[PDB]
Amino acid sequence: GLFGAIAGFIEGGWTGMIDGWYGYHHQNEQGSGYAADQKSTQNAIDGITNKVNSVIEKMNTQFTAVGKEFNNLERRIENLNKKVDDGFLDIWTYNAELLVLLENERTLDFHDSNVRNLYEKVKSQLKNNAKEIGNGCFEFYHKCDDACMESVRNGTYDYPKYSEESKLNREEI
Amino acid sequence: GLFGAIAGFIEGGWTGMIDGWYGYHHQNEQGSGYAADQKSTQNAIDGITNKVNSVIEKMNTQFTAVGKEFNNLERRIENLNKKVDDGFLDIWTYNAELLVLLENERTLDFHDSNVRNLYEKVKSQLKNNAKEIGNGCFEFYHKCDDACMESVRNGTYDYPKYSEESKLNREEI
Amino acid sequence: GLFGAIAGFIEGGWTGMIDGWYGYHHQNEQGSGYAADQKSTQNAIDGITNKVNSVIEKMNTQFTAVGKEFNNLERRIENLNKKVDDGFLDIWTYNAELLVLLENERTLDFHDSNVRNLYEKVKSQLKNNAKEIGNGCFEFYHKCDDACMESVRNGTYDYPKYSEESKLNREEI
Amino acid sequence: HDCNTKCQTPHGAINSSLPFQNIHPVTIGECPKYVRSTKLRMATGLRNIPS
Amino acid sequence: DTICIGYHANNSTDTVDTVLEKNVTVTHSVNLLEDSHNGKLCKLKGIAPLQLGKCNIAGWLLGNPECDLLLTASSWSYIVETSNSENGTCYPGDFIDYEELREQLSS
Ligand SMILES: *[C@@H]1O[C@H](CO)[C@@H](O[C@@H]2O[C@H](CO)[C@@H](O)[C@H](O)[C@H]2NC(C)=O)[C@H](O)[C@H]1NC(C)=O
Ligand SMILES: *[C@@H]1O[C@H](CO)[C@@H](O[C@@H]2O[C@H](CO)[C@@H](O)[C@H](O)[C@H]2NC(C)=O)[C@H](O)[C@H]1NC(C)=O
Ligand SMILES: *[C@@H]1O[C@H](CO)[C@@H](O)[C@H](O)[C@H]1NC(C)=O
């Protein structure tokens, strides 16, 4: 992971999560579960969709191309013609393969990067109210519930509304 | 934003700032304003300049190319010639367009990335003496003035010279 | 540095370190030195090896290509043939050079990025037990020794085992 | 055969809208671009890490 | 009390290649390369090809006596010759500009 998240500080995938590519895990006393992130996932969806389509548009589909015949006094021009056929075939084969190599790296990067963005966007919301407990996990300095879990995934978690509670909790360390 | 800064944790642009691509906002009691960052901006300027020129150098300018005539017993070779003309035209059209797609993504990334670098380079200067107040903003734990504002943009802000003041300020929270 | 580490917050190289591309510096009372990181370095080694080989495989080696002769009533087809020779030569020259430009940027990025990953992976291990003393350096809130230095480079440093000691140390600031 | 295609090759007909094909350089109709490749798979998802 | 950020995963066995590493397993992927076919010679826009079978263009156009089955052909989507297309010029000789003619026939 060029962005250190995937196959990095967040070691694993969640075969549990099946909603989408990026998501949170939560365990409030009320219970556990998975909830994939709409905004990010839909973005990644949209983008990567655009990426495949953009690459494919650059490929005009091939029209009728049948080979040419030549008689035995036309060896030079039959060879010229093979040179062209082989020359273009090398170029398209090289372009196709090289593109797919390079762009596969970019795509995986993209996903790694989106994940890091997510994490850090949460981290900048919580701060004191929770601590970095490793592998993309926060631990709440205060008690929180399922409806509250939806404030996080909302991008609207109210840091003041629990800053009091978390303060006197954190300060017992 | 692959680097989460632009269109990310720093939501907007500053039609106010017209000095350069990257810059700070400040409001000391003495007054408000904008000041673009030389070092970064000039770098980005330089680099992106190099990028356009490098791409364009790779294009040898086209020299005289006029088509060829053929008589009605030369249909094979007239078709060979069209195949070459069309073949090269596909390749250059694909190269041109594909490059510009891909490199536009890289360029925007670059800008996003420079901005994040800037922010974090400041953040590593301030630490305690100020707090992460969101959307690329710091809030000073101590009072500071216009000439002091120039210490920040200087990359020379003296963390010790205000660490005392900020300490007893921060500790009142 | 697109990732802000190299030629960035970590200004310089270590002509001292000769074990590998990425490594730590340490000075415990027992003495100073350099120790390159296996896991990262070997990864970068492996990857960049794959990168060179992958690029080179995409190049089928050139087989016998000798030019063609033509008589003085064959100027059109001699010109067709030159057009093909020149056309393919432009394309391969452009591909070769353009690739190397673009991929050189990616490679350097890669190295910058690996370094940042390393730093941050350490930082997430230490936290309180040490402070960000600039240019990719930590300062231990507790005393530590050569065998302990190997816990860091191990990726297994025991944060609890010194959290006590560091606590009462840090709290004297 | 009594059979319908938008793309014919000496080996047989293709019925696909992928950009590339490695069946035959000789084509009639609207076909994918012939290439020498054996595999052309583009990632869309991310690295699959089950453990 | 906790929350975590994580990424999808599944039972896929799709592998792709990348600059940095070969044979990477991935959650999702499209295949760009078509490699299956009919096995068969079909109609194009509903018109059948002309099967020259054991004749070749010369035999067909000149009317080589072995090519009577073709006498009736008058429209086609494309022309097929076969490894057995040898009945053409039954009386020995050159067919001048034979390849141009074949190229002409092509449209
Ligand atoms: C290619 O073959 C497939 C079937 O093998 C066809 O795919 C079908 O798509 C049509 C039109 O969108 C649907 O109504 C069918 O139900 C699909 N088939 C199946 C089995 O799901 C396609 O029509 C074929 N095209 C050609 C030109 O032969
Ligand atoms: C791609 O990865 C797969 C799965 O990890 C590998 O599958 C193995 O292939 C070997 C060698 O042919 C088999 O004998 C093993 O039984 C397979 N192992 C597993 C875990 O499925 C495969 O090695 C890789 N392919 C290449 C070309 O490297
Ligand atoms: C993969 O997932 C599908 C359902 O999404 C399942 O039915 C299929 O059998 C699975 N394959 C494997 C190998 O687990």
# chains A, B, ... in the order shown; residues from 1 in each chain; ligands from 1
call {"tool": "closest_atom_pairs", "arguments": {"of": "chain B", "to": "chain A", "cutoff": "8 Å", "atoms": "only C-alpha atoms", "output": "Markdown table"}}
result
| residue | atom | partner | partner_atom | distance |
| --- | --- | --- | --- | --- |
| B:2 | CA | A:113 | CA | 6.0 |
| B:3 | CA | A:113 | CA | 7.2 |
| B:4 | CA | A:117 | CA | 5.6 |
| B:9 | CA | A:121 | CA | 7.3 |
| B:76 | CA | A:68 | CA | 7.0 |
| B:80 | CA | A:81 | CA | 6.9 |
| B:84 | CA | A:84 | CA | 7.1 |
| B:87 | CA | A:88 | CA | 7.1 |
| B:94 | CA | A:58 | CA | 6.0 |
| B:97 | CA | A:58 | CA | 7.6 |
| B:98 | CA | A:58 | CA | 7.0 |
| B:134 | CA | A:124 | CA | 7.7 |
call {"tool": "residues_near_ligand", "arguments": {"ligand": "ligand 2", "cutoff": "9 Å", "atoms": "only C-alpha atoms and all ligand atoms", "output": "PyMOL selection string"}}
result
chain E and resi 13-16+22-25
call {"tool": "atom_distance", "arguments": {"atom1": "CA of residue 17 in chain B", "atom2": "CA of residue 151 in chain B"}}
result
19.2 Å
call {"tool": "closest_residue", "arguments": {"among": "E:62, E:12, E:45, E:20", "to": "residue 107 in chain C", "atoms": "only C-alpha atoms"}}
result
E:20
call {"tool": "interface_residues", "arguments": {"of": "chain D", "to": "chain E", "cutoff": "7 Å", "atoms": "only C-alpha atoms", "output": "MDAnalysis selection string"}}
result
chainID D and resid 1:6 8 11:14 16 18:23 39:50
call {"tool": "select_by_dssp", "arguments": {"residues": "chain C", "states": "helix (DSSP H, G or I)", "output": "ChimeraX atom specification"}}
result
/C:38-57,75-129,146-152,160-170
call {"tool": "residues_around", "arguments": {"residues": "residue 21 in chain C", "least_positions_apart": "6", "cutoff": "10 Å", "atoms": "only C-alpha atoms", "output": "list in words"}}
result
residues 13, 14, 36, 37, 38, 40, 41, 42, 44, 45, 111, 114 and 115 of chain C
call {"tool": "select_by_dssp", "arguments": {"residues": "range 69-159 of chain C", "states": "strand (DSSP E or B)", "output": "PyMOL selection string"}}
result
chain C and resi 130-132+138-140
call {"tool": "write_last_selection", "arguments": {"atoms": "C-alpha atoms", "output": "JSON list (two decimals), in the first residue's frame"}}
result
[["chain", "number", "residue", "atom", "x", "y", "z"],
["C", 130, "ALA", "CA", 8.45, 9.64, 22.80],
["C", 131, "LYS", "CA", 8.00, 13.03, 21.05],
["C", 132, "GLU", "CA", 8.23, 14.30, 17.45],
["C", 138, "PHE", "CA", 11.66, 10.52, 17.93],
["C", 139, "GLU", "CA", 12.93, 11.30, 21.43],
["C", 140, "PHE", "CA", 12.33, 8.66, 24.06]]
call {"tool": "closest_residue", "arguments": {"among": "B:39, B:167, B:26, B:75", "to": "chain E", "atoms": "only C-alpha atoms"}}
result
B:75
call {"tool": "closest_residue", "arguments": {"among": "B:79, B:43, B:15, B:28", "to": "chain E", "atoms": "only C-alpha atoms"}}
result
B:79
